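Task: produce atomic coordinates for the following.
(3 chains)
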Amino acid sequence: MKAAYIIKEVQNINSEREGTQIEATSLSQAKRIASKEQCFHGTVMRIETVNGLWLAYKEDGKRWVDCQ
Amino acid sequence: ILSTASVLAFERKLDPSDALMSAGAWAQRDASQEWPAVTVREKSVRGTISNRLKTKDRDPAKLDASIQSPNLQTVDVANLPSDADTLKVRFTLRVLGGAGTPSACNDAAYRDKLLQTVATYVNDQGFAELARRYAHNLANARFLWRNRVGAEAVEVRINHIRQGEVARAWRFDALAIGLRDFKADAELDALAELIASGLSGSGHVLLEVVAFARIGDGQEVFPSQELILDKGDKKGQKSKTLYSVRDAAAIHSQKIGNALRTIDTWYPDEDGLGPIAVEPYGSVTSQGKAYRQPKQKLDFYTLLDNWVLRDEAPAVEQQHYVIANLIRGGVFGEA
Amino acid sequence: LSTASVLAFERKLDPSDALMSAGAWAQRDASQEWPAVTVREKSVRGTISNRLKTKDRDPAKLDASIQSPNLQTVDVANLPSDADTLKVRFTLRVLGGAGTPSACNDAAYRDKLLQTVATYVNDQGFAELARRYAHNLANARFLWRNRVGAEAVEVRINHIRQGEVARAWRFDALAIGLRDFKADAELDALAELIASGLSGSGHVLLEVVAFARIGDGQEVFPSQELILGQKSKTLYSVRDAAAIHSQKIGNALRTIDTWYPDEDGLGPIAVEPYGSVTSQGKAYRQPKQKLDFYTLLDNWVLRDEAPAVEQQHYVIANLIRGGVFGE
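Residues are numbered from 1 along each chain as shown, chains lettered A, B, ... in the order given. Structure data below:
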């Protein structure tokens, strides 16, 4: 199995921006390939499903804050 | 013998309220009780993520495909009305007195030696230098933080309210009185000798402080910002929140008061960087450093342990920094 | 003959929670409809202010800790921007039957304890204790930090018959001192009403209202909760009004103890076993000396060695606040 995610790179947590679809097996694989594929410094990565539900986010050198 | 008291806590003197923002015309400043409040609104911003780039790929197609997706966002903004050019900022200040008495302590010998040290300060010279130093940060409108920058005039109006009624009034051109030098005036020494009487426990001091800052029609005013929790936590909308009280835009009562205690012009490694706020390990978040290190011997802890325990009374300008930290208040115990 | 292993006294002088409201001074005779003071939140950026433990003296960590600080949410209670007066209102209930335990484990110790307390009451009444409690109602000591730096504090006490006001009292709480116990022809009446309540004659319910000119928009201080942008401070609120805990009002009533085995250069303290104040961090009635509550109680009840007349007021005042006594 390979699941589909949406990797987004936004300015802050409550920003909307069109993201890029990946193909990943686990959520930890998505966090690894969202650790890279980040172009800028002071930005927030966000991992979502294909329908817009948030899964995790990371804000400029912190832990991945999981979204229960 | 004479270890430090493991619990020390001081209540704060000079407690201001939150300051509320209003708006009107500059020729209507004498009838400004019925000016409407500056409200916090919402607007949508979008911009390009143009931060500094991680050094993995210099290919043009990567950055060109990244900038095709914009960053959508909703912020809070506060503006003057388009027929109003003057911001009013109004708060009340209360100056308590009884500065050296702690609120919590353990040792009774340390507490009596501390009270006698602060009494031997106050009897030699009073609160005169510190009150002249606080009255300048009221007289210039330093508490207008970013609202002060680029104004045609700033007016400060101070009332002493001995009942509901006003006992004595003051008016200051806040831009003539600088933001660096503590130069002397007669009407400013009157306010200084009122603040020193309040600090010495003599009288009751409640000051009403009104500041008018002409900035121009419809211009953005700057209240204080709030943390983002409990405003959208799992899927949210707003990414910038401004502080309100009753949908009147406002500054927190600790950002004022931070501006009042910007006193400290005695800290070693400087030439002309200006006064900073009185803090133990005297530090600034914007410059990101402590101007008053413990590797040198100039901190509030290192001064106070020598001025109470070992009775090494410092230079009389450091005896303003220590008394200013005691007027500030705080948790100064071992933890 | 010996001390019962189960003793329990109930508290007399039951206070309620005190609800805080705000309005304008000189609108005090129409202050029934004043809006309550609401607890609200604000954000706080703090700074590194505490002592460092001598392994954090280095600039390389102090600069990194002052660079990225911590952000907190506190609960705050202020007056409105046009209201200058804090109104605080609670009811006090004075019960009586002061020496009778509610749980006991002996019949001879209980009988001799009741004999001893009846001997106390039949020698001198509750008048000396009730004078010192009426004095703590007259000055507004139950306004704790809401009293310091107040322009004027006025206290009104109504005595309630059925729902009607029998007698109303009116006091200037700043003229009546906080560190003495004097006499006044209108405070004697409040003292003897509380005395007739504690001795068991009448039913006494009081309605205490305190006003305090703090200033427009200034900060008022409700009682604070324990914590179960993480929140640093939580204030007590009953429905939406800011309020004061009933035990902190009750504490400021039995601060009547002026009989120490230590120095009397510190004022009254609260009646406690091993008479103690946390804000000074020491207990002023040590059991090294023979003037704490348990040693004086054991000597006055068991072996009939009475203390001095002033320490008997202390022992009875510990019986009025109640507690779990007994070995």
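
Helices of chain B, start to end?
For chain B, applying DSSP state H gives helices covering B:60-67, B:108-124, B:128-139, B:186-199, B:255-258, B:300-308, B:318-328.

Does chain A have contacts with the first one?
In this case it means helix B:60-67. Yes. Where contact is defined by Cβ under 8 Å from any Cβ of the partner chain, part of helix B:60-67 touches chain A, namely B:62-63, B:66. (Each C-beta comes from the backbone N, C-alpha and C, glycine too.)

outside of that helix, which residues touch it?
A:39, B:48-49, B:53 (Cβ atoms under 8 Å, 6 or more residues apart in numbering or on different chains).

Those: which ones sit near chain C?
Within those, nothing lies near chain C by Cβ under 8 Å from any Cβ.

Between those residues, which sits nearest residue B:215?
Nearest to residue B:215 among the contacts of helix B:60-67 is residue B:48, at 28.9 Å by Cβ to Cβ.

How many residues are close by residue B:269?
Neighbour count of residue B:269, defined by other Cβ atoms under 10 Å in any protein chain shown: 11.

Can you tell me how far the nearest residue to it once chain neighbours are set aside is from residue B:77?
Closest residue to residue B:269 apart from its sequence neighbours, by Cβ to Cβ, 6 or more residues apart in numbering or on different chains: residue B:291 at 7.0 Å. The spacing between residue B:291 and residue B:77, counted by Cβ to Cβ, to the nearest Å, is 34 Å.

follow-up on the earlier one: now render the residues of helix B:60-67 next to chain A as a markdown table, adding neighbour count and distance to residue B:116.
Shown next, in a markdown table, are these (neighbours: other Cβ atoms under 10 Å in any protein chain shown; distance: Cβ to Cβ, whole Å):
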| residue | neighbour count | distance to residue B:116 |
| --- | --- | --- |
| B:62 | 14 | 70 |
| B:63 | 14 | 68 |
| B:66 | 16 | 67 |
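
my read: residue A:48 touches residue A:8, true?
Yes. Applying Cβ atoms under 8 Å, one finds residue A:48 in contact with residue A:8, separated by 6.5 Å.

so what's in contact with these two at the same time?
Jointly contacting residue A:48 and residue A:8 under the rule Cβ under 8 Å, 6+ apart are residue A:19.

number of nearby residues for residue B:43?
Neighbours of residue B:43 using other Cβ under 10 Å come to 10.

what pairs with residue 24 across the strands?
If you meant another chain, say so; for now it's chain A. Under the criterion DSSP bridges, residue A:24 forms beta bridges with residue A:3.

I was thinking of chain B, sorry if that wasn't clear
So, taking DSSP bridges as the rule, residue B:24 has residue B:86 as bridge partners.

Distance of it relative to residue B:146?
For residue B:24 relative to residue B:146 (Cβ to Cβ), the value is 20 Å.

and the spatially closest residue to residue B:158 that is not a sequence neighbour, how many neighbours?
Nearest non-adjacent residue to residue B:158, counting by Cβ to Cβ, 6+ apart: residue B:170, 4.1 Å away. By other Cβ under 10 Å, the residues close to residue B:170 number 19.

do the one 4 residues further on as well
One way to gauge burial is a neighbour count; for residue B:174, by other Cβ under 10 Å, it gives 24.

That one touches residue B:158, doesn't it?
No. Residue B:174 lies out of contact with residue B:158 (Cβ under 8 Å); the separation is 10.9 Å.

for whichever residue of the stretch 201-335 of chain B sits closest to chain A, what are its contacts?
Closest to chain A within the stretch 201-335 of chain B is residue B:239: 3.8 Å, counting by Cβ to the nearest Cβ. Going by Cβ under 8 Å, 6+ apart, residue B:239 touches A:11-15, B:73-75, B:228.

Out of those, which comes closest to residue A:57?
residue A:13 (6.3 Å).

Let me know the helix or strand that that closest one is in.
Assigned by DSSP states H and E, residue A:13 belongs to no helix or strand.

Could you measure from it over to chain C?
With distances taken as Cβ to the nearest Cβ, to the nearest Å, residue A:13 is found 12 Å from chain C.

Please apply the same query to residue B:69.
From residue B:69 over to chain C the distance is 29 Å, taken as Cβ to the nearest Cβ.

same thing with residue B:3?
Noted for residue B:3: a distance of 13 Å to chain C, by Cβ to the nearest Cβ.
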